[PDB]
């Protein structure tokens, strides 16, 4: 009841360019007023599985979105599958889909939805991870809170890189960050 997660195995659960082309591992732990998060990505097939910027010069980034409703439940237009997201039960998930998780949503006062007033950057956290664990293959992970339309809350992970990679598999090291909770 204190941890929402994807389960840490290697089974594809996410759709970037084609159905089930990747495995997003994401763990959210409630430490009262802040949520502690840990994330990593493995692309298993399709367009982003093996990066070759000599063959495809413009393939330099992609986005994974998690959209939630007023009760903190995952919406189906998210890249991550609904069957794969729930409160932790041992090393798996609970049997039935959860009904409420408002205490895990990014705080709307710290991070407001888009509008006409001035937009601040505190709703963004930047980090860097490394492809295949290699020190010379960095890629940036930019995480933004509550900026998508069609939902009450959102968490989006944008992955991007500036080097010209030649035949590199897109599977990453892990990164931790935290954010202020709604309740």
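Residue numbers count along the first chain shown, from 1. Superpose the two forms; the largest set of C-alphas matching within 1.5 Å is the rigid core.
Chemist: Quick one: with the core lined up, is it 116-124 or 148-156 that wanders further in 8 other deposited structures of this protein, going by C-alpha RMS?
Modeler: Clearly, after the core fit, the stretch farther away in 8 other deposited structures of this protein is 116-124.
Chemist: With reference to the PDB entry, specify whether the mean Cα temperature factor is higher for 88-96 or for 67-75.
Modeler: Stretch with the greater average CA B-factor: 88-96.
Chemist: Mean C-alpha B-factor higher for 122-130, or for 43-51?
Modeler: In the deposited entry, the stretch with the higher C-alpha B-factor mean is 43-51.
Chemist: If you check the C-alpha B-factor for each of 156, 116, 137, 38 in the entry, which is highest?
Modeler: Of the options given, 116 has the highest CA B-factor in the PDB entry.
Chemist: Which has the highest CA B-factor per the PDB entry: 173, 167, 160, 15?
Modeler: Among 173, 167, 160, 15, the PDB entry lists the largest C-alpha B-factor for 167.
Chemist: In terms of the CA temperature factor given in the entry, to which third of its chain does residue 60 belong: lowest, middle or highest?
Modeler: For residue 60, the deposited C-alpha B-factor lands in the middle third.
Chemist: Looking at the entry's B-factor column for C-alpha atoms only, identify whether residue 3 ranks in the lowest, middle or highest third of its chain.
Modeler: It falls in the top third of the chain.
Chemist: When the deposited Cα B-factors of this chain's modelled residues are ordered and cut into thirds, is residue 151 in the lowest, the middle or the highest one?
Modeler: It falls in the middle third of the chain.
Chemist: Going by the recorded CA B-factors, say which third of the chain residue 34 sits in, lowest, middle or highest.
Modeler: CA B-factor rank for residue 34: middle third.
Chemist: Give the position of residue 10 by CA B-factor within its chain, expressed as the lowest, middle or highest third.
Modeler: For residue 10, whose C-alpha B-factor we compare with every modelled residue in the chain, the answer is the highest third.
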